Every structure is written in C-alpha cells, then in structure tokens.
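First the structure, then my questions, so here it is.
So that you can tell them apart, the chains are marked A, B, C, D, E, F, G, H, I and J in the order they are listed, and the count of residues begins at 1 in each.
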Amino acid sequence: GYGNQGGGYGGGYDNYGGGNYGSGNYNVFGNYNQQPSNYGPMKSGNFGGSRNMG
Amino acid sequence: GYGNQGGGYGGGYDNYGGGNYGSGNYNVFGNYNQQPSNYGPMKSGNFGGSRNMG
Amino acid sequence: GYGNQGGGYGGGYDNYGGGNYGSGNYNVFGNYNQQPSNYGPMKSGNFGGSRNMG
Amino acid sequence: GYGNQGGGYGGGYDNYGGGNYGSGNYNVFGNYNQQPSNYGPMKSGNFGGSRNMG
Amino acid sequence: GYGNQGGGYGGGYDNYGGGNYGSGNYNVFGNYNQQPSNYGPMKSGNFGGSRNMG
Amino acid sequence: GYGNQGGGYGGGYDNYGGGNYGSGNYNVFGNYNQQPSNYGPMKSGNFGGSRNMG
Amino acid sequence: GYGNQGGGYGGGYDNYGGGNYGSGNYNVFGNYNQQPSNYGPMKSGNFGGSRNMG
Amino acid sequence: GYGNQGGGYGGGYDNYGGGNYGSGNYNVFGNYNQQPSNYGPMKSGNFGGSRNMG
Amino acid sequence: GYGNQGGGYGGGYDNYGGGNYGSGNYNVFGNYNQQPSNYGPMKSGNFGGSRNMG
Amino acid sequence: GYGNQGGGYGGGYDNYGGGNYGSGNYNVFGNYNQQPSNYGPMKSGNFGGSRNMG
C-alpha cells in the first residue's frame, strides 16, 4: 500500500462510509419473540457541491 | 497496491460505500418468532454537483 | 502503508464514517421477548459545500 | 504507517466518525422482556462550508 | 506511526468522534424487565464554516 | 332462539371458540413497510377426557 | 333467547372463548415502519378432565 | 334473555374469556417506527379437573 | 336479562375474564419511535380442581 | 337484570376479572421516543381447589 503521488486536487485514501450494520448476530430464540431493526438513510461521500474548484 | 500518479483532479483510492448490511447472522428460532429488518436508502459517492472544476 | 505525497488540496487518509452498528450481539431469549433497534441517519463526509477551493 | 507529505491543504489522518453503536452485547432473557434502543443522527466530517480555501 | 510532514493547513491526526455507545453489555434478565436507551445526535468534525482559510 | 329441553348430560349453548383474528384491518402503507403477525395454536372445546360420564 | 330447561349436568350458555385479536386497526404508515404482533396459544373450554361425572 | 331453569349441575351464563386484544388502534406513523406486541397464552374455562361431580 | 332458576350447583352469571388489552389507542408518531407491549398469560375461570362436588 | 334464584351453591353475579389494560391512550410522539409496557400474569377466578363442596 502506497499513497497517491500528486494531482490537481488532493489525492487521498478517504474512507467515507463502511462498517457492519446489523451483522454477525448470534440469536437463539424460543417461541414468541420479536426483534425488529431499522437502519436510517446512509449518506457517505461529498454532498452539496463540496470539494469544488474555483 | 500502488496509488495514482497524477491527474487534472486529485486521484485517490476513495472508498465511498461498502460493508455488511444484515449479513453473517446465526439465527436459531423455535415456533412463533418475528425478525423484521429495514435498511434505509444508501447514498455513496458525490452528489449535488460536487468535485466540480472551474 | 504510506501516506499521500502531494496535491492541489491536502491529501489525507481521512476516515469519515465507519464502525459496527448493532453487530456481534449474542442474544438468548425465551418465550415472549421484544428487542427493537433504530439507527438514525448517517452522514459521513463533506457536506454543505465544504473543502472548496477559491 | 507513514503520514502525508504535503499538499495545498493540510494532509491529515483525521478520524471523523467511528466506533461501536450497540454492538457486542450479551443478552440472556427469560419470558417477557423489553429492550429498545434508539441511536440518533450521526454527522461525521466537515459541514457548513468548512475547511474552505480563499 | 509517523505524523504528517507539512501542508498549506496544519496536518494533524485529529480524532473527532469515536468510542463505544451502548456496547459490550452483559444482561441477564428474568421475566418482565425493561431497558430502553436513547443516544442523541452525534456531531463530530468541523461545523459552521470552521478551519477556513483567508 | 330457545334452549335445549333435557338430556342425559346438560344441554347447553356453549360457545367454545370464535371471534376475529387479524380481520377488518385498514392498512395504508408507503414504500418499505413490514407488518408480520403470528397467531398461536387455538384449542377450543373439551380436552383431556373432560365432560365424561361415570 | 331462552335458557336451557334441564339436564343430567347443568345446561348453561357458557362463553368460553371469543373476542377480537388484532382486528379493526387503522394503520397509516410512511416509508420504513415495522409492526409485528404475536398472539399466544388460546385455550378455551374444559381441560384436564373437568366437568366430569362420578 | 332468560337464564337456565335447572340441571344436575348449576346452569350459568358464565363468560370465561373474551374482549379485545390489540384491536381498534389508530396508528399514524412516519418513516422509521417500531411497534411490536406480544399477547401471552390465554386460558379461559375450567382446568385441572374442576367443576367435577362426586 | 333474568338470572338462573336453580341447579345442583349454584347457577351464576359469573364473568371470569374480559376487557380491553391494548385496544383503542390513538398513536401519532414521527420518524424513529419505539413502542413495545407485552401482555402476560391470562388465566380466567376455575383452576386446580375448583368448584368440585363431594 | 335480575339475580339468580337458587342453587346447590350460592348463585352470584361475581365479576372476577376485567377492565382496561393499556387501552385508550392518546400518544403524540416526535422523533426518537420509547414507550414499553409489560402487563404481568392475570389470574381471575377460583384457584387452588376453591369453592368446593363437602
């Protein structure tokens, strides 16, 4: 792994979004159980005209 | 793995979106169980006219 | 792992969003249990015209 | 791990957001239990036109 | 681990947000128990046009 | 409607089971909704050698 | 409506089970909602060798 | 409506079980809501060798 | 409505179980709300060899 | 409404169980609210060999 050299803008190894959302659970249930899960909107990156050049 | 050299804009190894959404679960259920899951909208990247050049 | 060299903007290894959201749980339930979970909107990155150049 | 060299802006290994949100729990329940969890909006990064250049 | 060298702005290894929010709990319950948890909005980073250049 | 007259056992207008199980709902949903329903075993009547004569 | 007259056992208008289980709901939802419902076992009547004669 | 006249046992208009279990709700939800409901076992009537004759 | 006349046992208009369990609610929610409800076992009637004759 | 006349046991209009359990609520919520409710076991009637005859 070696980073960027150069560029008109700043080259970066930017991690915007990632990870585990409701993963790797170990559930052992008996009879009448309830387990709901809501994961809201994910916005990862550049929004609203960001990282713009003049 | 070697990064970008150059460019008019900044070359980068940008990770915008990724990961595990409701994966790798181990579920053992008995009889009358309920397990709902909602994953909201995923927006990964550049939006709203971002990373634009003048 | 080696960082960026140079760029018109500041090249960085910026981690904006990540992690575990409701992951790796060990749940052992009996009969009539309830376990809801809400994860609100995730905004990771640059918003509102940020990191702009003049 | 080696940091950035240079850039038009300050290259940094900035960690904006991360961590464990409701992860790694060990729950053993009997009969009629209730365990809700709400995680509010997550804003990680640069907002409101921040880190801008003149 | 080696810090940044230089930049137009101050390169730093700034940790804005992180940690464990409701993680690693060991819960053993019997019959009719209740355990709700609310985690408010998380704002980590630069807001309100901060870290701007003249 | 007139009840029974007589019998070796007691004649009765016994209602053992009945009613509405998940009926007459008015549901108006938008986009990504979830609504599961489990109705457990129904036992209506005489069980375990009941209402027996000597 | 007139009750029973007579019998070897007591004639009765016994209502053992009935009613509305999750009926007549008016639900108006938007986007990502979750509404599970579990109704446990229903036992209505005479069990365990009850109402027996000698 | 007229009650029973007579019988070897006591004729009665016994109501053992009934009513509304999670019925007639008016729910107006927006976006990411959760509403689980568990109704435990219903036992209505005569159990364990009750109302027996010698 | 007229009560029982007579019987070997006491004829009665005994109401053992009834009523509204989580019914007739008016819920107006916005965004990320949680409302669980557990109703325990219902035992209505005669149990354990009750109302027996010698 | 007229009560019982006679019987081997005492005829009565005994109300053992009834009422409203979590009914008729008016809830107006905003954003991230939590409202759990547990209703324990209901035992209404005659238990443990009660109202027996010699």
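Some observations on this one:
The definition used in the following text is that a residue touches a chain if its C-beta (ideal position, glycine included) is under 8 Å from a C-beta of that chain, and two chains touch if they have at least 3 such contacts.
Set side by side, the interfaces A-F and C-I show unequal numbers of C-beta pairs in contact, with more at C-I. Counted by residue number, the contact pairs of F-G are over half the same as those of A-C, the matching pair from A-C, E-J or D-H.
Centre to centre, using the average C-alpha position, chain H and chain J are separated by 10 Å. Centre to centre, using the average C-alpha position, chain D and chain I are separated by 50 Å. If you average the Cα atoms of chain G and of chain J, the two centres end up 14 Å apart. Residues of chain A in contact with two or more other chains: 1-54.
On chain C, the positions that touch chain G within their shared complex are 32, 36.
Note for the complex: chain F touches chain A at residues 34, 38, 40.
Residue ranges of chain E in contact with chain D, taken from their complex: 1-54.
Within the complex formed with chain C, the chain E residues making contact are 4, 7-9, 11, 18, 23, 41, 46. Listing the residues of chain J that touch chain D in their complex gives 32-34, 36, 38.
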